[PDB]
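Data first, discussion second: the structure below is written as structure tokens.
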Amino acid sequence: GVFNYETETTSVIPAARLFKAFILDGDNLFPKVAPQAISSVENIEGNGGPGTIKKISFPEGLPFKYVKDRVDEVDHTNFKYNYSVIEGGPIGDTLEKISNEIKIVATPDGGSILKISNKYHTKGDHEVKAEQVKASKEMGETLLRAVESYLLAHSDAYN
Amino acid sequence: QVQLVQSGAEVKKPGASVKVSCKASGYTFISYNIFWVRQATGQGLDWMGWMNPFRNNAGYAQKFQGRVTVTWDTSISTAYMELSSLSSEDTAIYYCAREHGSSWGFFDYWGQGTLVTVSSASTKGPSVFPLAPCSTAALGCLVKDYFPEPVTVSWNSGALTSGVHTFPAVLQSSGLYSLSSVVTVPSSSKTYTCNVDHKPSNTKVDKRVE
Amino acid sequence: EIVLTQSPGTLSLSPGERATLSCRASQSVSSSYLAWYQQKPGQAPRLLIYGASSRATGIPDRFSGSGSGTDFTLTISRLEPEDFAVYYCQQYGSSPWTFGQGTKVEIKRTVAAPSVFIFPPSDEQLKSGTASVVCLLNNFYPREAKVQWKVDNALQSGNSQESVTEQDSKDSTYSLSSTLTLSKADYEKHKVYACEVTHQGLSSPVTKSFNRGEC
Numbered sequence: 001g002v003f004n005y006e007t008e009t010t011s012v013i014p015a016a017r018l019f020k021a022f023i024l025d026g027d028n029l030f031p032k033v034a035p036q037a038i039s040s041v042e043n044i045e046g047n048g049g050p051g052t053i054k055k056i057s058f059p060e061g062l063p064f065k066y067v068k069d070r071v072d073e074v075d076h077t078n079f080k081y082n083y084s085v086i087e088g089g090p091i092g093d094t095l096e097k098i099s100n101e102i103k104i105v106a107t108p109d110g111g112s113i114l115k116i117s118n119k120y121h122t123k124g125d126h127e128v129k130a131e132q133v134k135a136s137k138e139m140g141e142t143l144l145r146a147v148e149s150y151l152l153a154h155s156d157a158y159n
Numbered sequence: 001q002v003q004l005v006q007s008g009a010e011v012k013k014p015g016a017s018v019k020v021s022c023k024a025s026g027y028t029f030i031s032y033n034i035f036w037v038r039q040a041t042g043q044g045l046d047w048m049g050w051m052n053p054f055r056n057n058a059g060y061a062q063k064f065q066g067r068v069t070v071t072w073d074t075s076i077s078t079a080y081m082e083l084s085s086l087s088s089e090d091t092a093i094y095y096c097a098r099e100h101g102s103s104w105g106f107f108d109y110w111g112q113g114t115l116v117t118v119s120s121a122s123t124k125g126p127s128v129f130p131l132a133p134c141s142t143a144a145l146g147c148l149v150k151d152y153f154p155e156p157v158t159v160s161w162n163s164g165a166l167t168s169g170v171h172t173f174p175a176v177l178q179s180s181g182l183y184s185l186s187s188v189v190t191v192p193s194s195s199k200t201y202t203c204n205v206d207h208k209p210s211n212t213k214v215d216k217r218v219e
Numbered sequence: 001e002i003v004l005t006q007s008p009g010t011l012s013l014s015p016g017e018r019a020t021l022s023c024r025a026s027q028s029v030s031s032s033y034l035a036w037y038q039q040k041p042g043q044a045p046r047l048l049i050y051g052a053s054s055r056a057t058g059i060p061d062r063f064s065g066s067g068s069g070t071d072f073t074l075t076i077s078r079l080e081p082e083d084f085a086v087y088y089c090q091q092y093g094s095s096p097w098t099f100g101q102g103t104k105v106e107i108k109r110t111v112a113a114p115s116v117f118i119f120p121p122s123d124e125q126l127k128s129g130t131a132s133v134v135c136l137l138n139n140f141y142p143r144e145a146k147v148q149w150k151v152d153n154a155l156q157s158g159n160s161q162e163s164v165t166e167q168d169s170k171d172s173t174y175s176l177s178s179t180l181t182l183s184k185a186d187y188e189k190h191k192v193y194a195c196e197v198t199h200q201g202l203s204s205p206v207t208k209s210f211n212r213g214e215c
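Protein chains in written order, with the authors' numbering: chain C, 1 to 159; chain H, 1 to 134, 141 to 195, 199 to 219; chain L, 1 to 215.
Next up, the structure:
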């Protein structure tokens, strides 16, 4: 079956700056600003646009050795990012792939909110473990706050 | 199916600039990087510079020293490379290659090659001189002092092919080209005529050798 | 840069034999990030083994790669006539990305001595003030040969330019032409023009010559 899971998180960074750093250069930043979560980001194919395949390696004492993502869509105008988890990590057994959508929306105070949508493709009637859904939420926020701290400490960056 | 089709042969004076195009098809243009690689017969392969249509930036090889400029037109999926300040050392075949991935930088698909010839000469037809000796004997014709290349040499209007060796032309000190075409025939022989065509200069010479 | 040294410069083998090509790197290449390309004369390079061991799509199984760190090998288990070409190795583990100089895989056959002919300059060419003397070396293998020009037993250096054909389709031989370029004034001031050839199929150098006033 297909199971959807959504999340919203708040950031002080405005939408235009956050999209450039967190989405367009998240692959560059994540090994640098969050070494405890991402050890290395490795492009397999493409630039980073649609059709791009990337191998994300996790540091030692890892829940998963690696994971492979496919970039599905990058909408600069609407601050919308689509990618799919297709190999490694939780992929296998009863879980076929994970379809993800991230949309950054400007907020009335000058900040932004991230609308994360996680779409899991499971085996027949099987269901996903709540820890799997929880772990993805943990990973996203830690990366966001690490990039958020980087931008605040580097006011010239992405601006 | 992925194809990289390039613009064709360019002939330039020294000091000029050449702009070579590489049109991509069969894939999303902005999704992959494209490099430009020179192949001169002196060395092997040298990369010249790379374009990144998704991040809208570029990088350049140090050896060419800013004489390379890479541009592109996404609307027509065409990559451009302009090599300014052309000398005779720039006479080579230039390739465009698609980078597989920004980290897996192996060029899966390649353009067919674009020849750039930068020498200082006028289009001049060759002089054809006989090559005859003073069981098996050799005859030939000397095709000398022509620019640019190549000349198509045939013997007896194409009737004689066995034992024929037409060699690669060499660039003389004067900037003109020269080659020799030879044939080995039984000594017991019969007319032999070489047919030389240098179409850039509209030169067709039928030379009889004995 | 990581400088890639390929050895041997030329590999001469028969069809059906194993071919082992070496690519040495001045520095360690991370993650075995080295690729192999095939190129034939007048054609663009074609992707082959990548990741130092992974075949590109469409590449037959006889092509395989191996190695890590500073030493990589390309193996052609059974050579076929389509496999005789120049191969390049390319690393992408460290920027900037570099190629090897090229290893040419060559056809091989029983050594054949060249048939040597010499050609005096024509009266037409002498009319224009230039004299070209041509020496032909036909159907020889191996490709290595030495051509010496002697004018009245005076060795000529720097005034000749040789040319070699690609290896022949039917008999796998090469052919060489050496053109000695002289001014008409120099040509008329000497008598004996000789082409002397040293080749591994010849016990002693063959010397084809002519006399200027006897043609």
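Note that the Cβ used here is the ideal one computed from N, Cα and C, for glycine as well.
Neighbouring residues, chain L, relative to residue i (Cβ below 9 Å)
i: residue 108 (chain H); result: 47, 50, 56 and 57
Neighbour list for residue i in chain H, Cβ cutoff strictly below 9 Å
i: residue 47 (chain C); result: 30, 31, 32, 33, 52, 53, 54, 55, 99, 101 and 102
i: residue 115 (chain L); result: 142, 144 and 190
i: residue 214 (chain L); result: 134
i: residue 175 (chain L); result: 171, 173 and 188
i: residue 38 (chain L); result: Under the 9 Å cutoff, chain H gives no residues; its nearest Cβ is about 11 Å from residue 38 (chain L).
Chain H residues whose Cβ lies nearer than 7 Å to that of residue i
i: residue 120 (chain L); result: 134
i: residue 44 (chain L); result: 95, 110, 111, 112 and 113
i: residue 35 (chain L); result: 106
Residue environment, residue i, which counts as buried when at least 16 other CB atoms sit within 10 Å
i: residue 79 (chain C); result: buried
i: residue 144 (chain L); result: exposed
i: residue 114 (chain C); result: buried
i: residue 18 (chain L); result: exposed
i: residue 111 (chain L); result: exposed
i: residue 69 (chain C); result: buried
i: residue 82 (chain L); result: exposed
i: residue 62 (chain C); result: exposed
i: residue 190 (chain H); result: buried
i: residue 34 (chain C); result: buried
i: residue 41 (chain H); result: exposed
i: residue 173 (chain H); result: buried
i: residue 98 (chain H); result: buried
i: residue 16 (chain L); result: exposed
Straight-line gap, residue i to residue j (C-alpha atoms, nearest Å)
i: residue 84 (chain L); j: residue 27 (chain C); result: 42 Å
i: residue 45 (chain C); j: residue 109 (chain H); result: 13 Å
i: residue 47 (chain C); j: residue 167 (chain L); result: 42 Å
i: residue 1 (chain C); j: residue 121 (chain C); result: 6 Å
i: residue 147 (chain C); j: residue 50 (chain H); result: 29 Å
i: residue 30 (chain C); j: residue 22 (chain L); result: 37 Å
i: residue 140 (chain H); j: residue 72 (chain L); result: The structure shown gives no position for residue 140 (chain H): in chain H, residue numbering passes from 134 to 141 with nothing in between.
i: residue 67 (chain L); j: residue 72 (chain H); result: 38 Å
i: residue 198 (chain L); j: residue 141 (chain L); result: 12 Å
i: residue 39 (chain C); j: residue 18 (chain C); result: 22 Å
i: residue 99 (chain L); j: residue 8 (chain L); result: 15 Å
Interface residues of chain L facing residue i [CB-CB closer than 7 Å]
i: residue 47 (chain H); result: 97
i: residue 86 (chain H); result: Here the premise fails: no neighbours, minimum Cβ distance about 22 Å.
i: residue 194 (chain H); result: The contacting residues do not exist; residue 194 (chain H) stays about 17 Å from chain L at best.
Beta-carbon neighbours of residue i, restricted to chain L and to distances below 8 Å
i: residue 159 (chain H); result: Correct list: empty, because the minimum Cβ distance to chain L is about 13 Å.
i: residue 7 (chain H); result: Result: empty, since nearest Cβ-Cβ is about 15 Å, beyond 8 Å.
i: residue 64 (chain H); result: Within 8 Å Cβ-Cβ: nothing; residue 64 (chain H) doesn't reach chain L, min ~12 Å.
i: residue 44 (chain H); result: 88, 99, 100, 101 and 102
i: residue 182 (chain H); result: None at all; the shortest Cβ gap to chain L is about 12 Å.
i: residue 130 (chain H); result: 122 and 124
i: residue 83 (chain H); result: What residue 83 (chain H) touches in chain L: nothing, since even the nearest Cβ is about 18 Å away.
Heavy atom of the ligand MG within 8 Å of residue i beta-carbon
i: residue 172 (chain H); result: The ligand MG is not part of this structure, which contains no ligands at all.
Practice prompt. Identify each residue in the stretch 37 to 68 of chain C for which the Cβ-Cβ distance to at least one residue of chain H is less than 9 Å, and report them in chain order.
Written response: So the close ones are 41, 42, 43, 44, 45, 46, 47, 48, 49, 50, 51, 52, 53, 54 and 55.
Discussion item. Under 8 Å, with one C-beta from each stretch per pair, do the stretch 110 to 121 of chain H and the stretch 82 to 95 of chain H reach the 3-pair mark?
Written reply: Touching, yes.
Discussion item. At a CB distance below 8 Å, what residues from the stretch 142 to 156 of chain H approach chain L? Give them in sequence order.
Written reply: Identification of residues in the stretch 142 to 156 of chain H having a C-beta nearer than 8 Å to some C-beta of chain L yields 142, 143, 144, 146, 148 and 150, given in sequence order.
Worksheet entry | Segment contact, 8 Å Cβ cut-off, at least three pairs: the stretch 168 to 187 of chain L with the stretch 134 to 142 of chain L | Judged by Cβ distances under 8 Å, the stretch 168 to 187 of chain L makes contact with the stretch 134 to 142 of chain L, as three or more pairs qualify.
Worksheet item: If you measure beta-carbon to beta-carbon, which residues of the stretch 162 to 176 of chain H are closer than 7 Å to chain L?
Response: If the cut-off is 7 Å between Cβ atoms, the stretch 162 to 176 of chain H has 171, 173, 174 and 176 near chain L.
Worksheet item: Three or more beta-carbon pairs under 8 Å between the stretch 115 to 127 of chain L and the stretch 149 to 163 of chain L, yes or no?
Response: Inter-segment contact for the stretch 115 to 127 of chain L and the stretch 149 to 163 of chain L is absent: fewer than three beta-carbon pairs are separated by less than 8 Å.
Worksheet item: Would you call the stretch 185 to 200 of chain L and the stretch 144 to 157 of chain L in contact, with 3 or more CB pairs under 8 Å?
Response: The stretch 185 to 200 of chain L is in contact with the stretch 144 to 157 of chain L.
Discussion item. If the cut-off is 9 Å on Cβ atoms, which residues from the stretch 125 to 143 of chain L count as contacting chain H, listed in chain order?
Written reply: Those residues of the stretch 125 to 143 of chain L that come within reach of chain H (Cβ to Cβ, closer than 9 Å) are 125, 128, 130, 132, 134, 136, 138 and 139.
Worksheet item: Below 8 Å, can you find three or more Cβ-Cβ pairs linking the stretch 48 to 63 of chain L to the stretch 204 to 214 of chain H?
Response: Too few Cβ pairs lie closer than 8 Å, so no.
Worksheet item: So does the stretch 161 to 180 of chain H actually touch the stretch 24 to 44 of chain L, counting three or more Cβ pairs closer than 8 Å?
Response: Contact between the stretch 161 to 180 of chain H and the stretch 24 to 44 of chain L is absent: fewer than three C-beta pairs spanning the two stretches fall below 8 Å.
Fill in: the stretch 61 to 84 of chain L: positions lying closer than 7 Å to chain H by Cβ
Answer set for the stretch 61 to 84 of chain L: empty.
Worksheet item: If we count Cβ pairs, one from each stretch, closer than 8 Å, do we get three or more for the stretch 79 to 89 of chain H versus the stretch 129 to 149 of chain C?
Response: Segments in contact, no.
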